[PDB]
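Here is the structure we will look at.
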Amino acid sequence: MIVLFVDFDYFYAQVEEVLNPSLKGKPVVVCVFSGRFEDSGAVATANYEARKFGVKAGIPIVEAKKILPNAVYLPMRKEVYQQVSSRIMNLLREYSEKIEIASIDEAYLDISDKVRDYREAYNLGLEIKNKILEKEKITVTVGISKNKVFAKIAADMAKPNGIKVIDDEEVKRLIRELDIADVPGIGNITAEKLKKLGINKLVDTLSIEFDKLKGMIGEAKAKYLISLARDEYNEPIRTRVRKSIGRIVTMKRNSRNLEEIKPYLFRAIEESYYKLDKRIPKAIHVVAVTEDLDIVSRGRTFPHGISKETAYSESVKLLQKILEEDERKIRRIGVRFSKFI
DNA sequence: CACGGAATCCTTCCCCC
DNA sequence: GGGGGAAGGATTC
Ligand SMILES: Nc1nc2c(ncn2[C@H]2C[C@H](O)[C@@H](COP(=O)(O)OP(=O)(O)OP(=O)(O)O)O2)c(=O)[nH]1
Ligand SMILES: [Ca+2]
Ligand SMILES: [Ca+2]
Ligand SMILES: [Ca+2]
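The entry's author numbering applies: residue 1 is where the first sequence begins, and numbers increase by one.
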C-alpha cells in the first residue's frame, strides 16, 4: 500500500505571486479584512519571506504590519484560488483514479497500482511536482508512505517545495520518536489531554488502558491513535462529498438588535444560496459568534427541502431563539445549510 | 488584536419497541 | 436495553 500526498506551498500567497510575478521574492501577506476598523482582521496565509519574521496564518493583520510594515498586503480572493486548485486536482487525477481531495490544497493518491515500490513512487512524485510547476507554475510538497497519515507527516517534514518517502523502517522509529502533537488530528486540546495521561509519543498509547484513553479523548480518537501506534492504521482513499454549505460574516459593531443583525444574516443566506447551486438542503442552522468569541447555534431540520423564503423566515426565528437563550452581544452572524436531497 | 469553511465526533435528549 | 435521529457543542484542519 503506497499513498502519495500532495500539499501546495503557501497556496493563497503563491497564487497571488503566479498572478503577479513582480511580487516574487518579497514578503506577501494574504489577509481577511473584517471591516471593524483600520486593518482589522486576520492573516489567511503568507509566503516564506514573511513567515521567517513571524508573519503567518492566524495572527492579526495589525500585528503583521508592526513586524513587516513594508510587506505587500492583499485581500484574500478565495474563488480564484479555488479555481486554480481545481485545475491542479484535475492534473493529479491523471496519475490515479483513486484520489482524495482533502481540502483546497491537499490531496491523497492511492498509487499502489501505478507503482511497484518506493523508488518508483519517488519518481512519480517528481513527475507530479514538475507537471504542476510547468502547467500552473505552482510548487508543492510531496509526502509518500504506507498510509494517509504518514504520507501527510512526510509532507510536513519536507516542506516547502520538497518530496519525501517514509519507509516502513522509519514508520517504526516515528511511532516511538514523533511528538504525538505532530500527528494529524491531534490539536492543542487533545495533545494537552494526552500529556496529562503521560502519552508524548504514539508508542505511549499502548501503555494505557483503552477505556481510560477512550474516556479522556473519545473512542474514535482512541482507536485512531492505537491503530497508528500498532502500525495498523489503514484507511482507504475516498472521494469526499460536500455535505454542507454556509457563510458567516462580521458586523461592524456587536449587537443584540434583531433589525441590526438581520441584514448580515440575510446577506449570508444570499451567498449561501447562490453557492448551493441546484443542491437543496433540508436543514438550516443559524450560527453566532458572541462578543467573547464563543460560538452558539440553533438549527432545524425539515421533512422536505428548504425554499429561500423558508430560509429567511426560519433563520429569523432561530436568531431570536439565540438572543433569548444567550444574553451576550453578537459579533459574527451566519448560516449553514445541510442534509441535501 | 484573532477571519473564515466544513467534516466529524461527543453528549444529551427524545420516541419507541 | 438499545436502535434511530436530531440538537447543540467540541475539536481539528
Ligand atoms: N482565512 C484563513 N485561511 C487559512 C487559514 N489557515 C490556513 N488557510 C488556508 C491557507 C492556505 O492557503 C490553505 C492551507 O494550507 P496550509 O495548510 O494553510 O498551508 P500554506 O499553503 O499556507 O502553508 P505551506 O507553506 O504550503 O505549508 O488554507 C486561516 O487561519 N484563515
Ligand atoms: Ca499547503
Ligand atoms: Ca495543506
Ligand atoms: Ca498538532
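All C-beta atoms in this analysis are idealised placements derived from N, C-alpha and C, irrespective of residue type, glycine included.
Assigned secondary structure, residue i (DSSP; H/G/I helix, E/B strand, else coil)
i    : result
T250 : strand
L68  : coil
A158 : helix
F150 : helix
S96  : coil
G187 : coil
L178 : coil
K172 : helix
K243 : coil
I333 : strand
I163 : strand
Own chain residues within Cβ distance below 6 Å of residue i, not counting five before or after
i    : result
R298 : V286, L318, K321 and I322
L225 : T205
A13  : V28, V30, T45, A46 and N47
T190 : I217
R267 : none
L194 : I180
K214 : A222
Contact set for residue i: own chain, Cβ-Cβ below 7 Å, skip 5 residues either direction
i    : result
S272 : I245, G246, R247, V335 and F337
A229 : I175, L202, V203, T205 and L206
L23  : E16, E17 and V72
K152 : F5, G143 and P184
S255 : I261, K329 and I330
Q82  : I104
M76  : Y12, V30, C31, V32 and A44
Proximity to residue i [Cα-Cα], best of the options
i    : options                   : result
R300 : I333, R328 and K339       : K339
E327 : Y81, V140 and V296        : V296
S85  : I333, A46, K66 and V140   : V140
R238 : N90, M89, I99 and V80     : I99
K196 : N90, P184, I217 and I101  : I217
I341 : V289, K278 and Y312       : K278
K137 : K129, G143 and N254       : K129
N70  : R36, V80, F53 and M76     : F53
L92  : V249, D292, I208 and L133 : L133
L293 : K282, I333 and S313       : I333
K275 : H304, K243, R253 and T250 : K243
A222 : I180, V241 and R256       : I180
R253 : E270, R331, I186 and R77  : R331
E38  : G187, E49, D9 and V62     : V62
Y233 : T310, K172, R51 and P75   : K172
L258 : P281, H304 and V316       : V316
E325 : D156, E314, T290 and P303 : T290
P303 : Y312, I280, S313 and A288 : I280
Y10  : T250, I67 and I104        : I104
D7   : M89, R36 and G35          : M89
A50  : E309, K66 and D117        : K66
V149 : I208, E177, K282 and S227 : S227
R87  : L213, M76 and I101        : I101
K78  : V32, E106 and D117        : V32
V80  : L19, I199 and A64         : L19
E106 : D182, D156, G198 and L68  : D156
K282 : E270, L68, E314 and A288  : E314
Same chain, Cβ closer than 8 Å to residue i, neighbours up to 5 away in sequence not counted
i    : result
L124 : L4, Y95, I111, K114 and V115
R240 : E100, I101 and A102
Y118 : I2, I144, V165 and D167
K308 : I269 and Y273
My parser needs the beta strand (DSSP E) runs of 3 or more residues fully inside the stretch 264 to 325; what are they? You should have 281 to 290 and 295 to 301.
Stretch-stretch touch, CB-based, cutoff 8 Å, three pairs: the stretch 160 to 167 with the stretch 197 to 212: No contact exists between the stretch 160 to 167 and the stretch 197 to 212.
Go through the stretch 204 to 238 residue by residue and report every complete run of the alpha helix (DSSP H) that reaches 4 residues or more, in order. Restricting attention to alpha helix (DSSP H) runs no shorter than 4 residues, the stretch 204 to 238 encloses them at 210 to 217 and 219 to 229, ordered along the chain.
Going along the chain, which unbroken runs of the beta strand (DSSP E) with 3 or more residues stay wholly within the stretch 5 to 78? Taking 3 residues as the shortest admissible run, the stretch 5 to 78 contains the following complete beta strand (DSSP E) segments, listed from N- to C-terminal end: 28 to 33, 41 to 46 and 72 to 75.
I'd like to know if the stretch 117 to 135 and the stretch 257 to 276 are in contact, where contact means that at least 3 CB-CB pairs between them fall below 8 Å. In this structure the stretch 117 to 135 does not lie against the stretch 257 to 276, because fewer than three pairs of beta carbons, one per stretch, are closer than 8 Å.
Does the stretch 35 to 43 come close enough to the stretch 57 to 65 that 3 or more CB-CB pairs lie under 8 Å? In short, these stretches touch, since the Cβ pair count reaches three.
Threshold first: 4 residues or longer. Then list the alpha helix (DSSP H) segments lying entirely within the stretch 98 to 145, N to C. Segments of the alpha helix (DSSP H) lying fully in the stretch 98 to 145: 118 to 136.
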